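K.L.:
I would like to see how this sequence folds:
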Amino acid sequence: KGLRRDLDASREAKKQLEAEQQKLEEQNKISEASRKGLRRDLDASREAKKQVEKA
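P.N.:
Numbers count the residues shown, from 1 in each chain. Sure, structure below:
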């Protein structure tokens, strides 16, 4: 159900709701859990085996 994506046009309305949820995620997590700094969890691989281009 819900096939109306032309007459209503919710684009500017969607960019306001999504901006509040995404900002509250970065503030609660503390930049991917940064307790110590350069230890085991922060300096593990390349983003949990993700950005492994050069390594």
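K.L.:
end to end, how far does stretch 36-52 reach?
P.N.:
23 Å (Cα to Cα, to the nearest Å).
K.L.:
tell me how far that stretch is from the chain's mean position?
P.N.:
Taking the mean of its C-alpha atoms, stretch 36-52 sits 17 Å from the chain's own mean (Cα atoms, centre = their mean, to the nearest Å).
K.L.:
Please apply the same query to stretch 25-37.
P.N.:
12 Å.
K.L.:
And the contacts of that stretch?
P.N.:
Contact with stretch 25-37 is made by 41-42, as judged by Cβ atoms under 8 Å, 6 or more residues apart in numbering. Just so you know, the C-beta spots here come from the backbone N, C-alpha and C atoms, and that holds for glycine as well.
K.L.:
swap in stretch 42-52?
P.N.:
Against stretch 42-52 from outside (Cβ under 8 Å, 6+ apart): 32-34, 36, 53, 55.
K.L.:
And the residue nearest the centre of this protein?
P.N.:
Nearest residue to the geometric centre of the chain (Cα atoms, centre = their mean): residue 22, 6.3 Å.
K.L.:
in what helix or strand does that one lie?
P.N.:
If you go by DSSP states H and E, residue 22 is part of helix 12-33.
K.L.:
Relative to the whole chain's centre, how far out is that helix?
P.N.:
For helix 12-33 - counting by Cα atoms, centre = their mean - the centre lies 7 Å from the chain centre.
K.L.:
again, but for stretch 10-20
P.N.:
On the basis of Cα atoms, centre = their mean, stretch 10-20 sits 15 Å off its chain's mean C-alpha point.
K.L.:
which residue of this structure sits farthest from its center?
P.N.:
Furthest out from the centre of the chain (Cα atoms, centre = their mean) sits residue 7, at 30.3 Å.
K.L.:
ok so, going back, now the contacts of stretch 42-52 as CSV including neighbour count?
P.N.:
As requested, those are exported to CSV (neighbours: other Cβ atoms under 10 Å):
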residue, neighbour count
32, 10
33, 9
34, 10
36, 10
53, 5
55, 6
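K.L.:
Thank you, goodbye.
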